[PDB]
Amino acid sequence: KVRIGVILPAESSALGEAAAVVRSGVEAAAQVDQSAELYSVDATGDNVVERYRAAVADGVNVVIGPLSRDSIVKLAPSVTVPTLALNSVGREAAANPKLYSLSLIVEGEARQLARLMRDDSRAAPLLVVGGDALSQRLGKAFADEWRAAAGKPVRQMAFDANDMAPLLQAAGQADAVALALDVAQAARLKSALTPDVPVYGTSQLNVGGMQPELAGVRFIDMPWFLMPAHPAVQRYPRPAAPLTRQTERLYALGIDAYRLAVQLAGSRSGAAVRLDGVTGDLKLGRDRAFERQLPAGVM
Ligand SMILES: N[C@@H](CCC(=O)N[C@@H](CS)C(=O)NCC(=O)O)C(=O)O
């Protein structure tokens, strides 16, 4: 049977707090599904190859990890069993057909949001984009996808906190608003916009706690949050600790990493592997990354 090596950074890594949450999700899924044995070791960077090697030497037949970008690059040439990294394989990583990725890459959500809005017959949306790095990545990805689908650019405006009038005028001519904007500014803008204009965002907006200013915003996020009656979502326990949405996403990532690992151990390749993931519907796409198709919700 299936022996999964769970090779993630130790507590003191800058990624160690995230790694512990991911581990707790992997464990939760293993306890429910009981389809595999876990072999857990801490490793990152300078020792990741050696400890990966020793996990394989000990009979591991699929691996979850690594987490850091730099560990992925160092490891790729040595990958000899199906290995599910939890970050992008960067451009510098060596090509290796047994190396796969599952991650929460934000561009994926932006692309989907453009597709959702097309489905919803938004003909002339306004894309509003913040100044922080995540928002700017989202906005580019949204805009590229919109252009691909519509064959014309989306109207795009830089958010201006000190002079919102021009944006409100542009928003008045639009049949929806797409936000790639930090949650604080998004809430301010939602309160200024006409109350009835459809407003959309990614999981960027779903931070947790009381968010009364964002009520009615349509967004995409994990089944784990949006679909309590999804068959996979229901069978796994919620985390013991109340987590931020950010962190709980990592717990859910752990659950699906476990589930994908079990399939990857049992398949000729990733290409035939699909999953009704708690993090989204999963299937292999570019860069041997499992892309995540997300349900819509209303804040
Ligand atoms: N490729 C990105 C940077 C790397 C990146 O976006 N990584 C994602 C996943 S590949 C991440 O930061 N975290 C997701 C996770 O580890 O779950 C860029 O355009 O700057």
# chains A, B, ... in the order shown; residues from 1 in each chain; ligands from 1

call {"tool": "residues_around", "arguments": {"residues": "range 91-93 of chain A", "least_positions_apart": "4", "cutoff": "7 Å", "atoms": "only C-alpha atoms", "output": "ChimeraX atom specification"}}
result
/A:72-73,76

call {"tool": "residues_near_ligand", "arguments": {"ligand": "ligand 1", "cutoff": "6 Å", "atoms": "only C-alpha atoms and all ligand atoms", "output": "list in words"}}
result
residues 86, 87, 88, 103, 104 and 105 of chain A

call {"tool": "write_last_selection", "arguments": {"atoms": "N, CA, C and O atoms", "output": "mmCIF file, in the first residue's frame"}}
result
data_model
loop_
_atom_site.group_PDB
_atom_site.id
_atom_site.type_symbol
_atom_site.label_atom_id
_atom_site.label_comp_id
_atom_site.auth_asym_id
_atom_site.auth_seq_id
_atom_site.Cartn_x
_atom_site.Cartn_y
_atom_site.Cartn_z
ATOM 1 N N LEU A 86 4.225 22.043 -3.113
ATOM 2 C CA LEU A 86 3.140 22.926 -2.724
ATOM 3 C C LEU A 86 3.465 24.365 -3.030
ATOM 4 O O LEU A 86 3.028 25.287 -2.338
ATOM 5 N N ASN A 87 4.259 24.544 -4.073
ATOM 6 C CA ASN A 87 4.515 25.845 -4.667
ATOM 7 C C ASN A 87 4.740 25.605 -6.149
ATOM 8 O O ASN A 87 4.840 24.463 -6.571
ATOM 9 N N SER A 88 4.806 26.680 -6.938
ATOM 10 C CA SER A 88 5.105 26.569 -8.362
ATOM 11 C C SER A 88 6.449 25.956 -8.516
ATOM 12 O O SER A 88 7.351 26.236 -7.723
ATOM 13 N N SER A 103 -1.030 24.439 -5.480
ATOM 14 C CA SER A 103 -0.791 25.685 -4.740
ATOM 15 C C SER A 103 -2.024 26.577 -4.804
ATOM 16 O O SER A 103 -3.014 26.249 -5.457
ATOM 17 N N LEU A 104 -1.947 27.715 -4.126
ATOM 18 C CA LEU A 104 -3.049 28.663 -4.108
ATOM 19 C C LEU A 104 -2.761 29.864 -5.003
ATOM 20 O O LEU A 104 -3.210 30.965 -4.722
ATOM 21 N N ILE A 105 -2.080 29.650 -6.119
ATOM 22 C CA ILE A 105 -1.645 30.787 -6.975
ATOM 23 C C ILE A 105 -2.779 31.716 -7.341
ATOM 24 O O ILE A 105 -3.799 31.323 -7.930
#

call {"tool": "select_by_dssp", "arguments": {"residues": "range 100-294 of chain A", "states": "alpha helix (DSSP H)", "output": "MDAnalysis selection string"}}
result
chainID A and resid 106:119 133:150 165:172 183:192 223:226 231:235 245:265

call {"tool": "closest_atom_pairs", "arguments": {"of": "range 16-123 of chain A", "to": "range 230-251 of chain A", "cutoff": "9 Å", "atoms": "only C-alpha atoms", "output": "JSON lines"}}
result
{"residue": "A:18", "atom": "CA", "partner": "A:250", "partner_atom": "CA", "distance": 6.9}
{"residue": "A:19", "atom": "CA", "partner": "A:250", "partner_atom": "CA", "distance": 8.3}
{"residue": "A:20", "atom": "CA", "partner": "A:251", "partner_atom": "CA", "distance": 8.9}
{"residue": "A:21", "atom": "CA", "partner": "A:251", "partner_atom": "CA", "distance": 5.3}
{"residue": "A:22", "atom": "CA", "partner": "A:251", "partner_atom": "CA", "distance": 4.9}
{"residue": "A:23", "atom": "CA", "partner": "A:251", "partner_atom": "CA", "distance": 7.6}
{"residue": "A:24", "atom": "CA", "partner": "A:251", "partner_atom": "CA", "distance": 6.4}
{"residue": "A:25", "atom": "CA", "partner": "A:251", "partner_atom": "CA", "distance": 4.4}
{"residue": "A:26", "atom": "CA", "partner": "A:251", "partner_atom": "CA", "distance": 7.7}
{"residue": "A:28", "atom": "CA", "partner": "A:236", "partner_atom": "CA", "distance": 6.9}
{"residue": "A:29", "atom": "CA", "partner": "A:236", "partner_atom": "CA", "distance": 6.4}
{"residue": "A:32", "atom": "CA", "partner": "A:236", "partner_atom": "CA", "distance": 6.7}
{"residue": "A:33", "atom": "CA", "partner": "A:236", "partner_atom": "CA", "distance": 8.9}
{"residue": "A:104", "atom": "CA", "partner": "A:249", "partner_atom": "CA", "distance": 8.3}

call {"tool": "write_last_selection", "arguments": {"atoms": "C-alpha atoms", "output": "short mmCIF file (atom, residue, chain, number, x, y, z; two decimals), in the first residue's frame"}}
result
data_model
loop_
_atom_site.label_atom_id
_atom_site.label_comp_id
_atom_site.auth_asym_id
_atom_site.auth_seq_id
_atom_site.Cartn_x
_atom_site.Cartn_y
_atom_site.Cartn_z
CA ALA A 18 2.34 27.39 7.35
CA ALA A 19 3.96 23.95 7.14
CA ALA A 20 2.46 22.91 10.48
CA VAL A 21 -1.06 23.87 9.27
CA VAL A 22 -0.59 22.02 6.02
CA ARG A 23 0.61 18.99 8.01
CA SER A 24 -2.49 19.14 10.19
CA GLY A 25 -4.66 18.94 7.06
CA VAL A 26 -2.69 16.03 5.62
CA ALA A 28 -6.82 15.00 9.18
CA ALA A 29 -7.39 13.52 5.71
CA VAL A 32 -10.52 9.85 7.70
CA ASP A 33 -9.56 8.19 4.47
CA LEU A 104 -3.05 28.66 -4.11
#

call {"tool": "closest_residue", "arguments": {"among": "A:8, A:35, A:124, A:215", "to": "residue 68 in chain A", "atoms": "only C-alpha atoms"}}
result
A:8

call {"tool": "select_by_dssp", "arguments": {"residues": "range 139-221 of chain A", "states": "strand (DSSP E)", "output": "MDAnalysis selection string"}}
result
chainID A and resid 155:158 176:180 199:201 218:220

call {"tool": "write_last_selection", "arguments": {"atoms": "C-alpha atoms", "output": "PDB file, in the first residue's frame"}}
result
ATOM      1  CA  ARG A 155     -11.713  48.810 -18.955  1.00  0.00           C
ATOM      2  CA  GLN A 156      -9.185  49.071 -16.149  1.00  0.00           C
ATOM      3  CA  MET A 157      -8.678  51.788 -13.539  1.00  0.00           C
ATOM      4  CA  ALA A 158      -6.053  52.270 -10.856  1.00  0.00           C
ATOM      5  CA  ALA A 176     -20.249  45.242 -13.203  1.00  0.00           C
ATOM      6  CA  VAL A 177     -17.138  45.944 -11.165  1.00  0.00           C
ATOM      7  CA  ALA A 178     -14.239  43.521 -10.726  1.00  0.00           C
ATOM      8  CA  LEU A 179     -12.046  44.163  -7.718  1.00  0.00           C
ATOM      9  CA  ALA A 180      -8.363  43.415  -7.505  1.00  0.00           C
ATOM     10  CA  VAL A 199     -19.367  43.714  -7.681  1.00  0.00           C
ATOM     11  CA  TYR A 200     -17.038  40.724  -7.914  1.00  0.00           C
ATOM     12  CA  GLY A 201     -13.774  39.690  -6.303  1.00  0.00           C
ATOM     13  CA  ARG A 218     -19.901  37.955  -5.559  1.00  0.00           C
ATOM     14  CA  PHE A 219     -16.628  36.083  -5.124  1.00  0.00           C
ATOM     15  CA  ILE A 220     -14.912  32.758  -5.743  1.00  0.00           C
TER      16      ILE A 220
END

call {"tool": "atom_distance", "arguments": {"atom1": "CA of residue 262 in chain A", "atom2": "CA of residue 45 in chain A"}}
result
25.0 Å

call {"tool": "atom_distance", "arguments": {"atom1": "CA of residue 280 in chain A", "atom2": "CA of residue 108 in chain A"}}
result
11.3 Å

call {"tool": "closest_residue", "arguments": {"among": "A:6, A:148, A:193, A:141", "to": "residue 166 in chain A", "atoms": "only C-alpha atoms"}}
result
A:193

call {"tool": "closest_residue", "arguments": {"among": "A:112, A:162, A:78, A:203", "to": "residue 135 in chain A", "atoms": "only C-alpha atoms"}}
result
A:203

call {"tool": "decode", "arguments": {"residues": "range 241-265 of chain A", "atoms": "N, CA, C and O atoms", "output": "mmCIF file, in the first residue's frame"}}
result
data_model
loop_
_atom_site.group_PDB
_atom_site.id
_atom_site.type_symbol
_atom_site.label_atom_id
_atom_site.label_comp_id
_atom_site.auth_asym_id
_atom_site.auth_seq_id
_atom_site.Cartn_x
_atom_site.Cartn_y
_atom_site.Cartn_z
ATOM 1 N N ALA A 241 -8.411 24.646 15.717
ATOM 2 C CA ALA A 241 -8.295 26.075 15.976
ATOM 3 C C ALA A 241 -9.071 26.835 14.916
ATOM 4 O O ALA A 241 -9.026 26.494 13.736
ATOM 5 N N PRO A 242 -9.815 27.846 15.337
ATOM 6 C CA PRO A 242 -10.357 28.835 14.437
ATOM 7 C C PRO A 242 -9.198 29.474 13.705
ATOM 8 O O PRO A 242 -8.357 30.131 14.344
ATOM 9 N N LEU A 243 -9.128 29.296 12.401
ATOM 10 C CA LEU A 243 -8.037 29.897 11.645
ATOM 11 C C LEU A 243 -8.564 31.083 10.870
ATOM 12 O O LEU A 243 -9.760 31.124 10.499
ATOM 13 N N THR A 244 -7.670 32.032 10.586
ATOM 14 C CA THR A 244 -7.913 33.011 9.534
ATOM 15 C C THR A 244 -8.298 32.254 8.297
ATOM 16 O O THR A 244 -7.945 31.107 8.206
ATOM 17 N N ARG A 245 -9.012 32.906 7.392
ATOM 18 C CA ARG A 245 -9.288 32.292 6.111
ATOM 19 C C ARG A 245 -7.982 31.895 5.423
ATOM 20 O O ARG A 245 -7.901 30.806 4.841
ATOM 21 N N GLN A 246 -6.978 32.775 5.510
ATOM 22 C CA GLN A 246 -5.655 32.558 4.893
ATOM 23 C C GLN A 246 -5.077 31.227 5.335
ATOM 24 O O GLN A 246 -4.731 30.351 4.527
ATOM 25 N N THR A 247 -5.003 31.060 6.643
ATOM 26 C CA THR A 247 -4.469 29.858 7.266
ATOM 27 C C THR A 247 -5.305 28.574 7.054
ATOM 28 O O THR A 247 -4.775 27.502 6.761
ATOM 29 N N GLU A 248 -6.617 28.674 7.257
ATOM 30 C CA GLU A 248 -7.519 27.571 6.996
ATOM 31 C C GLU A 248 -7.423 27.117 5.536
ATOM 32 O O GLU A 248 -7.605 25.936 5.269
ATOM 33 N N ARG A 249 -7.113 28.028 4.604
ATOM 34 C CA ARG A 249 -6.870 27.602 3.225
ATOM 35 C C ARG A 249 -5.709 26.614 3.208
ATOM 36 O O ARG A 249 -5.726 25.719 2.377
ATOM 37 N N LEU A 250 -4.721 26.793 4.089
ATOM 38 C CA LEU A 250 -3.561 25.884 4.116
ATOM 39 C C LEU A 250 -3.923 24.533 4.693
ATOM 40 O O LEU A 250 -3.394 23.519 4.290
ATOM 41 N N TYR A 251 -4.845 24.496 5.645
ATOM 42 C CA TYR A 251 -5.366 23.230 6.173
ATOM 43 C C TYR A 251 -6.076 22.447 5.064
ATOM 44 O O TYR A 251 -5.819 21.226 4.874
ATOM 45 N N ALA A 252 -6.904 23.146 4.299
ATOM 46 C CA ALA A 252 -7.641 22.541 3.206
ATOM 47 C C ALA A 252 -6.651 22.100 2.141
ATOM 48 O O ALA A 252 -6.855 21.064 1.519
ATOM 49 N N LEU A 253 -5.593 22.870 1.939
ATOM 50 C CA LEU A 253 -4.555 22.492 0.971
ATOM 51 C C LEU A 253 -3.959 21.162 1.384
ATOM 52 O O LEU A 253 -3.685 20.298 0.525
ATOM 53 N N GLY A 254 -3.714 20.991 2.674
ATOM 54 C CA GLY A 254 -3.221 19.720 3.222
ATOM 55 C C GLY A 254 -4.127 18.534 2.954
ATOM 56 O O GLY A 254 -3.665 17.429 2.565
ATOM 57 N N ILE A 255 -5.432 18.749 3.132
ATOM 58 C CA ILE A 255 -6.394 17.694 2.856
ATOM 59 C C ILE A 255 -6.247 17.293 1.398
ATOM 60 O O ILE A 255 -6.140 16.092 1.105
ATOM 61 N N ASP A 256 -6.349 18.223 0.484
ATOM 62 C CA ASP A 256 -6.262 17.833 -0.958
ATOM 63 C C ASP A 256 -4.889 17.291 -1.361
ATOM 64 O O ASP A 256 -4.830 16.455 -2.278
ATOM 65 N N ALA A 257 -3.821 17.699 -0.683
ATOM 66 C CA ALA A 257 -2.461 17.172 -1.006
ATOM 67 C C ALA A 257 -2.441 15.666 -0.666
ATOM 68 O O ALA A 257 -1.918 14.853 -1.440
ATOM 69 N N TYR A 258 -2.986 15.303 0.510
ATOM 70 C CA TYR A 258 -3.127 13.942 0.891
ATOM 71 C C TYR A 258 -3.924 13.189 -0.194
ATOM 72 O O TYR A 258 -3.483 12.130 -0.670
ATOM 73 N N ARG A 259 -5.078 13.743 -0.606
ATOM 74 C CA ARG A 259 -5.950 13.040 -1.533
ATOM 75 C C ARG A 259 -5.309 12.841 -2.880
ATOM 76 O O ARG A 259 -5.438 11.760 -3.459
ATOM 77 N N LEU A 260 -4.655 13.885 -3.372
ATOM 78 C CA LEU A 260 -3.926 13.791 -4.660
ATOM 79 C C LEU A 260 -2.761 12.839 -4.587
ATOM 80 O O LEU A 260 -2.540 12.055 -5.532
ATOM 81 N N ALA A 261 -2.016 12.871 -3.490
ATOM 82 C CA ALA A 261 -0.892 11.941 -3.308
ATOM 83 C C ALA A 261 -1.348 10.518 -3.412
ATOM 84 O O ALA A 261 -0.703 9.697 -4.089
ATOM 85 N N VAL A 262 -2.468 10.186 -2.784
ATOM 86 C CA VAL A 262 -2.979 8.818 -2.857
ATOM 87 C C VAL A 262 -3.283 8.430 -4.305
ATOM 88 O O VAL A 262 -2.955 7.324 -4.724
ATOM 89 N N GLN A 263 -3.856 9.345 -5.087
ATOM 90 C CA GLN A 263 -4.135 9.057 -6.489
ATOM 91 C C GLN A 263 -2.862 8.934 -7.337
ATOM 92 O O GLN A 263 -2.790 8.051 -8.261
ATOM 93 N N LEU A 264 -1.889 9.817 -7.033
ATOM 94 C CA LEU A 264 -0.620 9.858 -7.784
ATOM 95 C C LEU A 264 0.217 8.613 -7.555
ATOM 96 O O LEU A 264 1.050 8.231 -8.420
ATOM 97 N N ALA A 265 0.017 7.967 -6.424
ATOM 98 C CA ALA A 265 0.713 6.727 -6.132
ATOM 99 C C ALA A 265 0.115 5.573 -6.921
ATOM 100 O O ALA A 265 0.808 4.611 -7.206
#
